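1. Experimental structure and its sequence below.
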Amino acid sequence: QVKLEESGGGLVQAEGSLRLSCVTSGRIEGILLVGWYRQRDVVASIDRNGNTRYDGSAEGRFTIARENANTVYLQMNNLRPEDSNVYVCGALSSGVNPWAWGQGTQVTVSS
């Protein structure tokens, strides 16, 4: 009953930037946390109180922010080839089906 749709990935050169966007639809009232995950290990997350959490590799280069009630983005600066990955948006809700996942977004960082 929560659906996630992702955009913003693609191909970029090293030291470039991307902004990944995750849009939620459905029963968003029960969402406790929205995050971006390396396809699943967390990169960054933002919870219902606005608290943000970053993995050590993201801290200082990436920023997660909530744009509105349905939209969370991850600004990725100073990308490196080792950052090439499929990134997936996840939402943690309260209840029996706790996790919802987006379709996944390819990020490729060229040398």
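-> Good, I have the coordinates. Residues are numbered from 1 along each chain as shown.
2. Show me the strands in this structure, by range?
-> In the chain, strands defined by DSSP state E lie at 2-7, 10-13, 18-26, 31-38, 41-47, 52-54, 62-68, 71-76, 85-93, 99-101, 105-110, listed in chain order.
3. who's in contact with residue 84?
-> 107, 108, 109 (Cβ atoms under 8 Å, 6 or more residues apart in numbering). C-beta here means a position set from N, CA and C on the backbone, and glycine is covered the same way.
4. Format those residues as TSV; extra columns: distance to residue 100 and neighbour count.
-> Shown next, in TSV, are these (distance: Cβ to Cβ, whole Å; neighbours: other Cβ atoms under 10 Å):
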residue	distance to residue 100	neighbour count
107	21	19
108	25	15
109	27	19
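5. for those residues, which one is nearest residue 77?
-> Lowest distance from residue 77 to the contacts of residue 84 (Cβ to Cβ) belongs to residue 109, with 11.8 Å.
6. does the closest one have beta-bridge partners, and which?
-> Note on residue 109: beta-bridge partners residue 12, judged by DSSP bridges.
7. is it true that it touches residue 78?
-> No - the pair residue 109 / residue 78 is not scored as a contact, 10.2 Å apart, by Cβ atoms under 8 Å.
8. Between these two, which contacts overlap?
-> Between them, residue 109 and residue 78 share no contacting residue, judged by Cβ under 8 Å, 6+ apart.
9. can you pull the contacts of the residue most central in space within the chain?
-> Nearest to the geometric centre of the chain sits residue 36, at 2.6 Å (Cα atoms, centre = their mean). If a contact means Cβ under 8 Å, 6+ apart, then residue 36 has 20, 22, 42, 43, 44, 45, 64, 74, 87, 88, 89, 90 as its contacts.
10. Ok, residue 40 next?
-> 88, 90, 101.
11. which of those tops the neighbour count?
-> Neighbour counts for those (other Cβ atoms under 10 Å) peak at residue 88, which has 21 neighbours.
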